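Participant: Have a look at this one.
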Amino acid sequence: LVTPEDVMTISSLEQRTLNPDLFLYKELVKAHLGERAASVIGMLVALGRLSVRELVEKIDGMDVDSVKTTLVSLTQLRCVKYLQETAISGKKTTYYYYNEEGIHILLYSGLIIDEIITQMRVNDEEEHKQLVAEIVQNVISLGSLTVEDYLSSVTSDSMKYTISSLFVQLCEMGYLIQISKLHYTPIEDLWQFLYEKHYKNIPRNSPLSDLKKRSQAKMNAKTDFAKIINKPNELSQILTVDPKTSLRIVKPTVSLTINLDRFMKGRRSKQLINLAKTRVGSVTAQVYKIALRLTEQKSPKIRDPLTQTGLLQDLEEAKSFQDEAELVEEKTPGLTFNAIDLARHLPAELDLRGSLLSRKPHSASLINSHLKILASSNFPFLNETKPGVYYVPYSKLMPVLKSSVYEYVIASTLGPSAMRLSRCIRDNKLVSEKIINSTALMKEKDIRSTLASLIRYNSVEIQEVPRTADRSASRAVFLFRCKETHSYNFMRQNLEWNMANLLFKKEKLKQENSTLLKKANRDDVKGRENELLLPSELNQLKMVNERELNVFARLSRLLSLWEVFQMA
Amino acid sequence: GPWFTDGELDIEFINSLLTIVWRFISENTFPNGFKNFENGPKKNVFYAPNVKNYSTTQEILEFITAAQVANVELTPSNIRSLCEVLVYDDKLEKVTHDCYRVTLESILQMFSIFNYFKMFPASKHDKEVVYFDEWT
Amino acid sequence: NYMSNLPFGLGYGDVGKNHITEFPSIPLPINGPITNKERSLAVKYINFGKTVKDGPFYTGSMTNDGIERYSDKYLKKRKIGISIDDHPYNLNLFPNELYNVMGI
């Protein structure tokens, strides 16, 4: 029998009570930056809005200078949002939020550099690959990197010349967007500042009443918010200027911050292409690998255009947001392409010749045929507004993609009868104790055993059926439901908690191998680990290094699971 | 029908039905069937869009009745019940007019989450092993 | 007496032990064999974070003898840490409360 002292030390029972959103973020900041910044960000998660004095009176650290230093480090890491709220009757002071997405630059760092290496059209050259890796590593380590610092830093002018050359590309691609006030304030506070001005702008005694003045105010606020959000999300105003007898230059005074949105567009394209690689054979899966790549650069917002997180969705006539989202998806002409547009970007390796069998050389007919089969596929990959020119829809692809990914996660978690039952519970709305038999015809014993093994999560919702006025589930039989929203919720807590567990294990192994790792990460020791080292200590360092390579590999494999459930 | 037998749902008998209805569609849908996936991923061929690669219900009824494997006559409603049973377990994809298609079946039978039989557990007394039931 | 209540499908041997597994066990499939790309991903993970800790972005720190040994006289200094205020930053991204720490 397991000792209570034995558990909670090897069983990790005290970690099972940790909220994953606090746990993972606190662990990431603790591992990367420091303990004080970790405490600051953890307290910011525990209490969303707080001033510096709230930190002083809620954390062990009460010094003003020290909390100033740690908070400015956190802000420089793009992990903290601030706003200066003004009380007109006295002195005003600023508050502090926390940047949810800013810590992904820390988390996605290895993936971000992996895609900065993999994506580029010119990657065979070893020097170019290494320097772009270094430049992205520097920009993510420093937050906002400036060419004013970098160009003076580099010693060779020709090397300096390539530096200014890569940046214009990095800003067009979207990997480098001009950081501004928009990356440090909450969405709903922006919306409230844009919502109150237009209520104060109305002169009195209008013929309209509250209902329609509020309608026009929210309409104008939506318009101006869309303008102020669409100006800096895509822009080239930094790079537009060009001096006389010189190459195009970006503004050197401004700060360049590595972006995240287009990188996650690329990751989503990678996961869709991986789906295709699993779904269809490599003859046309290799074709699909680039079919999204010519639309991923200007792909629209993934979950919310930030006009849905800062305000209540809707109460009456609620479908407006989905309607306008799909309306813009159909209106945008750049996203739509023809086969002539895709023929110019196909690589030489792909042939597209033996790909089609019409009956039981970059030819624009055949790529169009792949495009027709993509749009005719059961999963709505493409839509055809006009003959020949198609576009990628997201008004209906997102629910089905979420269902597929969650369902196959449940399948990998449980047994084949269990995935079969979930499939029935999904396709058959509101199944019952006899509808399961009529739609399954499997063995009721294992069906119910897997059902019980599946009730534990937020997978299927139970119901109480009162035969009398008083509600007793024992007196009369009960039915089932779908309630997929709780299921999509669960795949956030469990996966985030697991990622936090991986980070915890890594940091704890670091804590118990501190001296060995310090003697490892030394300049003269580096590259010379097999000489000035004892036999047993060298073996220990080797095996623990393999162990942390293993934990990073498991971390990387798990990182292909949560971004999908982070969409809307 | 025959699925009711001795008050039990015929573990062995019903399973062999679920693995004979799809088998015909797996050689019928593809230009060469499953041998087209035997040469390798990069050498398989696919049908053109306008071709009627889909199978209808009458064809499956005729196949399952001429095969004489169930030793029982099947109503079209009964074949719809069978396809309703197997529309589950990632089998025949549901298309309008009762049409079915299979895409990664050869990959299953023989991170890319949709196929994990090529990825094996840690299989070791080591640590850092993740479990989906650890959180509950 | 609460002991006669038993469903027909349930037995008597299974009940009474309870306890449950110390940790629920379902071997996950995300622990698969390593690749060269995944090993290099682990490597680049290792260089990152270490990069920020060898940089000035730590803010976590919380033989200290009052007498200076002759060895410590004319001895190599450990390292001149680049201060938080030393590193140039942009004023417009940072709050007014945070201006006083930087060397302006």
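Starting from 1 in every chain, residues are counted up; chains themselves are A, B, ... following the order of the structure tokens, and ligands are numbered from 1 as listed.
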With DSSP run on the backbone, what are the alpha helix (DSSP H) residues within range 14-89 of chain C? I'd like them as number ranges by chain.
Facilitator: C: 36-54
Participant: I need the residues from that last selection saved to file as an mmCIF file, in the first residue's frame (with N, CA, C and O atoms), if you can.
Facilitator:
```cif
data_model
loop_
_atom_site.group_PDB
_atom_site.id
_atom_site.type_symbol
_atom_site.label_atom_id
_atom_site.label_comp_id
_atom_site.auth_asym_id
_atom_site.auth_seq_id
_atom_site.Cartn_x
_atom_site.Cartn_y
_atom_site.Cartn_z
ATOM 1 N N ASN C 36 16.330 13.702 -35.702
ATOM 2 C CA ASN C 36 17.383 14.709 -35.759
ATOM 3 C C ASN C 36 16.803 16.110 -35.606
ATOM 4 O O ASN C 36 17.365 16.954 -34.894
ATOM 5 N N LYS C 37 15.669 16.372 -36.260
ATOM 6 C CA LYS C 37 15.016 17.669 -36.131
ATOM 7 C C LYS C 37 14.566 17.921 -34.699
ATOM 8 O O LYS C 37 14.710 19.033 -34.183
ATOM 9 N N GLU C 38 14.022 16.898 -34.035
ATOM 10 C CA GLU C 38 13.569 17.078 -32.659
ATOM 11 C C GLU C 38 14.746 17.245 -31.702
ATOM 12 O O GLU C 38 14.659 18.003 -30.728
ATOM 13 N N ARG C 39 15.858 16.554 -31.963
ATOM 14 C CA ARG C 39 17.052 16.761 -31.149
ATOM 15 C C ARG C 39 17.589 18.178 -31.313
ATOM 16 O O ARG C 39 17.979 18.820 -30.330
ATOM 17 N N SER C 40 17.616 18.687 -32.547
ATOM 18 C CA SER C 40 18.040 20.067 -32.756
ATOM 19 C C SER C 40 17.050 21.055 -32.148
ATOM 20 O O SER C 40 17.448 22.143 -31.718
ATOM 21 N N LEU C 41 15.763 20.702 -32.110
ATOM 22 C CA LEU C 41 14.784 21.533 -31.417
ATOM 23 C C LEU C 41 15.066 21.577 -29.920
ATOM 24 O O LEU C 41 14.979 22.642 -29.297
ATOM 25 N N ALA C 42 15.411 20.434 -29.329
ATOM 26 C CA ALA C 42 15.830 20.429 -27.931
ATOM 27 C C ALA C 42 17.070 21.292 -27.735
ATOM 28 O O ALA C 42 17.170 22.047 -26.760
ATOM 29 N N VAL C 43 18.017 21.206 -28.672
ATOM 30 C CA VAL C 43 19.239 22.002 -28.582
ATOM 31 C C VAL C 43 18.917 23.492 -28.598
ATOM 32 O O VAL C 43 19.389 24.251 -27.743
ATOM 33 N N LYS C 44 18.105 23.933 -29.566
ATOM 34 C CA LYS C 44 17.781 25.354 -29.673
ATOM 35 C C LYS C 44 16.955 25.829 -28.485
ATOM 36 O O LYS C 44 17.119 26.969 -28.034
ATOM 37 N N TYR C 45 16.076 24.971 -27.957
ATOM 38 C CA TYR C 45 15.428 25.252 -26.681
ATOM 39 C C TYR C 45 16.464 25.518 -25.598
ATOM 40 O O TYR C 45 16.325 26.452 -24.801
ATOM 41 N N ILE C 46 17.511 24.694 -25.556
ATOM 42 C CA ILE C 46 18.538 24.849 -24.529
ATOM 43 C C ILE C 46 19.270 26.177 -24.692
ATOM 44 O O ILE C 46 19.505 26.893 -23.709
ATOM 45 N N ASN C 47 19.645 26.532 -25.927
ATOM 46 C CA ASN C 47 20.320 27.819 -26.118
ATOM 47 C C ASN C 47 19.409 28.982 -25.743
ATOM 48 O O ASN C 47 19.867 29.969 -25.153
ATOM 49 N N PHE C 48 18.125 28.895 -26.082
ATOM 50 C CA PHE C 48 17.198 29.929 -25.650
ATOM 51 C C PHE C 48 16.932 29.804 -24.152
ATOM 52 O O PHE C 48 17.125 28.749 -23.543
ATOM 53 N N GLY C 49 16.499 30.905 -23.553
ATOM 54 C CA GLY C 49 16.335 30.939 -22.100
ATOM 55 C C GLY C 49 17.666 31.065 -21.405
ATOM 56 O O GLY C 49 17.855 31.963 -20.579
ATOM 57 N N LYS C 50 18.609 30.179 -21.727
ATOM 58 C CA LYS C 50 19.995 30.410 -21.343
ATOM 59 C C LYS C 50 20.500 31.724 -21.921
ATOM 60 O O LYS C 50 21.277 32.437 -21.276
ATOM 61 N N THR C 51 20.058 32.069 -23.135
ATOM 62 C CA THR C 51 20.435 33.353 -23.717
ATOM 63 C C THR C 51 19.924 34.523 -22.877
ATOM 64 O O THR C 51 20.659 35.490 -22.640
ATOM 65 N N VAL C 52 18.684 34.442 -22.385
ATOM 66 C CA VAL C 52 18.141 35.551 -21.608
ATOM 67 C C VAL C 52 18.743 35.577 -20.209
ATOM 68 O O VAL C 52 18.882 36.649 -19.607
ATOM 69 N N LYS C 53 19.121 34.414 -19.669
ATOM 70 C CA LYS C 53 19.708 34.387 -18.333
ATOM 71 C C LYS C 53 21.156 34.864 -18.356
ATOM 72 O O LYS C 53 21.622 35.490 -17.397
ATOM 73 N N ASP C 54 21.885 34.574 -19.436
ATOM 74 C CA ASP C 54 23.205 35.164 -19.615
ATOM 75 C C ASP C 54 23.116 36.623 -20.038
ATOM 76 O O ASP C 54 24.100 37.357 -19.900
#
```
Participant: Could you please select, counting only C-alpha atoms, the residues of chain B within 8 Å of chain A and state them as a ChimeraX atom specification?
Facilitator: /B:3,8-11,14,31,41-49,51,81,84-85,88-89,93,95,103-104,107,111-116,128,130,132,134-136
Participant: Could you name the residues that touch range 98-103 of chain C at 9 Å or less, counting only C-alpha atoms, but leaving out those on the same chain fewer than 3 positions away, as a list in words?
Facilitator: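 Listed by chain and then number, they are residues 65, 68, 69, 71 and 72 of chain A; 84, 85, 86, 87, 88, 89, 91, 94 and 95 of chain C.
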Participant: Residues of chain B within 6 Å of chain C, counting only C-alpha atoms, what are they? List them as a list in words.
Facilitator: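 My answer is residues 119, 120, 121, 122, 130, 131, 133 and 134 of chain B.
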Participant: Rounded to one decimal place, report the CA of residue 167 in chain A-CA of residue 298 in chain A distance in Å.
Facilitator: 18.4 Å
Participant: Could you name the residues that touch residue 258 in chain A at 9 Å or less, counting only C-alpha atoms, but leaving out those on the same chain fewer than 4 positions away, as a list in words?
Facilitator: residues 105, 136, 139, 140, 143, 144, 145, 170, 171, 174, 175, 176, 177, 178 and 179 of chain A
Participant: Keeping N, CA, C and O atoms, export the residues of the selection given above as an mmCIF file, in the first residue's frame.
Facilitator:
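Writing done, so here's again-v6.cif:
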```cif
data_model
loop_
_atom_site.group_PDB
_atom_site.id
_atom_site.type_symbol
_atom_site.label_atom_id
_atom_site.label_comp_id
_atom_site.auth_asym_id
_atom_site.auth_seq_id
_atom_site.Cartn_x
_atom_site.Cartn_y
_atom_site.Cartn_z
ATOM 1 N N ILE A 105 5.988 34.059 -27.143
ATOM 2 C CA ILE A 105 7.299 34.287 -27.743
ATOM 3 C C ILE A 105 8.371 33.552 -26.950
ATOM 4 O O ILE A 105 9.321 33.000 -27.520
ATOM 5 N N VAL A 136 16.732 36.117 -35.201
ATOM 6 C CA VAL A 136 15.441 35.856 -34.566
ATOM 7 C C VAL A 136 15.623 35.531 -33.088
ATOM 8 O O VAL A 136 14.820 35.949 -32.244
ATOM 9 N N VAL A 139 16.099 38.847 -31.410
ATOM 10 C CA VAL A 139 14.893 39.667 -31.343
ATOM 11 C C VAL A 139 13.918 39.108 -30.312
ATOM 12 O O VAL A 139 13.230 39.867 -29.621
ATOM 13 N N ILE A 140 13.857 37.780 -30.163
ATOM 14 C CA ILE A 140 12.935 37.223 -29.178
ATOM 15 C C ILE A 140 13.511 37.327 -27.770
ATOM 16 O O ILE A 140 12.762 37.488 -26.800
ATOM 17 N N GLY A 143 13.008 41.180 -27.061
ATOM 18 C CA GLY A 143 11.706 41.792 -27.222
ATOM 19 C C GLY A 143 11.655 42.635 -28.477
ATOM 20 O O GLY A 143 11.425 42.120 -29.576
ATOM 21 N N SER A 144 11.865 43.940 -28.321
ATOM 22 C CA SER A 144 11.939 44.875 -29.438
ATOM 23 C C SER A 144 13.407 45.126 -29.758
ATOM 24 O O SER A 144 14.099 45.823 -29.009
ATOM 25 N N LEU A 145 13.880 44.559 -30.865
ATOM 26 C CA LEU A 145 15.235 44.790 -31.344
ATOM 27 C C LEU A 145 15.225 45.969 -32.307
ATOM 28 O O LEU A 145 14.290 46.133 -33.094
ATOM 29 N N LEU A 170 11.380 40.620 -43.475
ATOM 30 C CA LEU A 170 10.778 40.159 -42.230
ATOM 31 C C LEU A 170 9.557 40.991 -41.853
ATOM 32 O O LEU A 170 8.656 40.496 -41.165
ATOM 33 N N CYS A 171 9.507 42.252 -42.291
ATOM 34 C CA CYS A 171 8.350 43.095 -42.011
ATOM 35 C C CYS A 171 7.231 42.876 -43.022
ATOM 36 O O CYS A 171 6.051 42.941 -42.661
ATOM 37 N N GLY A 174 5.362 39.751 -42.120
ATOM 38 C CA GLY A 174 4.571 39.869 -40.919
ATOM 39 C C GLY A 174 5.253 39.386 -39.660
ATOM 40 O O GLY A 174 4.660 39.476 -38.580
ATOM 41 N N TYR A 175 6.478 38.868 -39.765
ATOM 42 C CA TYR A 175 7.189 38.397 -38.584
ATOM 43 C C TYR A 175 7.671 39.553 -37.718
ATOM 44 O O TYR A 175 8.046 39.344 -36.559
ATOM 45 N N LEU A 176 7.665 40.771 -38.255
ATOM 46 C CA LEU A 176 8.181 41.949 -37.569
ATOM 47 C C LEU A 176 7.212 43.103 -37.782
ATOM 48 O O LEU A 176 7.217 43.734 -38.843
ATOM 49 N N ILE A 177 6.384 43.376 -36.773
ATOM 50 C CA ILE A 177 5.368 44.421 -36.830
ATOM 51 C C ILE A 177 5.724 45.513 -35.833
ATOM 52 O O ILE A 177 6.173 45.240 -34.715
ATOM 53 N N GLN A 178 5.529 46.762 -36.257
ATOM 54 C CA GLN A 178 5.847 47.928 -35.438
ATOM 55 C C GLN A 178 5.058 47.877 -34.135
ATOM 56 O O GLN A 178 3.832 48.033 -34.133
ATOM 57 N N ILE A 179 5.765 47.653 -33.026
ATOM 58 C CA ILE A 179 5.132 47.635 -31.715
ATOM 59 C C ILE A 179 4.645 49.037 -31.366
ATOM 60 O O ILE A 179 5.241 50.047 -31.768
#
```
Participant: Running DSSP on the backbone, which parts of range 350-423 of chain A land in strand (DSSP E or B), as a PyMOL selection string?
Facilitator: chain A and resi 356-357+383-386+389-391
Participant: Find the spatial neighbours of residue 22 in chain C, counting only C-alpha atoms, within a cut-off of 10 Å - ignore same-chain residues fewer than 6 positions away - and output them as a compact mmCIF listing (two decimals) with C-alpha atoms, in the first residue's frame.
Facilitator:
```
# COMPACT_ATOMS: atom_id res chain seq x y z
CA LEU A 1 0.00 0.00 0.00
CA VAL A 2 1.29 3.45 -0.95
CA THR A 3 2.37 5.70 1.93
CA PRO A 4 0.84 9.20 2.20
CA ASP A 6 5.29 8.41 -0.59
CA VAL A 7 2.56 10.09 -2.63
CA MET A 8 2.58 13.88 -3.15
CA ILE A 10 6.48 11.03 -6.41
CA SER A 11 2.73 11.16 -7.17
CA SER A 12 2.55 14.95 -7.77
CA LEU A 13 -0.81 15.28 -6.02
```
Participant: Of the residues B:92, B:66, B:99, B:110, which is the one nearest to residue 22 in chain B, using only C-alpha atoms?
Facilitator: B:92
Participant: Out of A:209, A:255, A:152, A:164, which residue has the shortest atom-to-atom distance to residue 93 in chain C when counting only C-alpha atoms?
Facilitator: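 Between A:209, A:255, A:152, A:164, the residue approaching residue 93 in chain C most closely is A:255.
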Participant: Check the smallest atom-to-atom distance from each of C:34, C:15, C:82, C:6 to chain A using only C-alpha atoms, then report the winner.
Facilitator: C:34
Participant: Counting only C-alpha atoms, what is within 9 Å of residue 114 in chain A, bar same-chain residues fewer than 4 positions away, as a PyMOL selection string?
Facilitator: (chain A and resi 109-110+118-119+133) or (chain C and resi 41+44)
Participant: Hey, which of C:81, C:7, C:55, C:60 ends up closest to chain A? Count only C-alpha atoms.
Facilitator: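 Under the stated criterion, the closest residue is C:60.
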Participant: How far is it from CA of residue 105 in chain B to CA of residue 26 in chain B, in Å with one decimal?
Facilitator: 8.3 Å
Participant: Of the candidates A:147, A:389, A:83, A:534, which one gets nearest to chain C if we count only C-alpha atoms?
Facilitator: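 Of the candidates, the smallest distance to chain C is held by A:83.
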Participant: If we count only C-alpha atoms and set the cut-off at 10 Å, which residues sit around residue 346 in chain A, ignoring sequence neighbours fewer than 4 positions away in its own chain? Please answer as a JSON list (two decimals) with C-alpha atoms, in the first residue's frame.
Facilitator:
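Written file, part_7.json:
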```json
[["chain", "number", "residue", "atom", "x", "y", "z"],
["A", 287, "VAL", "CA", 0.49, 19.64, -53.75],
["A", 290, "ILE", "CA", 1.88, 24.82, -50.87],
["A", 291, "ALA", "CA", -1.80, 25.41, -51.78],
["A", 294, "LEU", "CA", 0.02, 31.11, -51.13],
["A", 341, "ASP", "CA", -1.93, 32.23, -59.83],
["A", 342, "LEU", "CA", -0.85, 28.90, -58.32],
["A", 350, "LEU", "CA", 6.36, 18.31, -58.08],
["A", 351, "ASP", "CA", 5.18, 16.96, -61.45],
["A", 352, "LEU", "CA", 1.35, 16.86, -61.15],
["A", 362, "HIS", "CA", 2.57, 22.85, -64.23],
["A", 367, "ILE", "CA", -3.95, 22.22, -60.45]]
```
Participant: Distance CA of residue 19 in chain C-CA of residue 462 in chain A, one decimal place?
Facilitator: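 Answer for the CA of residue 19 in chain C to CA of residue 462 in chain A separation: 26.6 Å.
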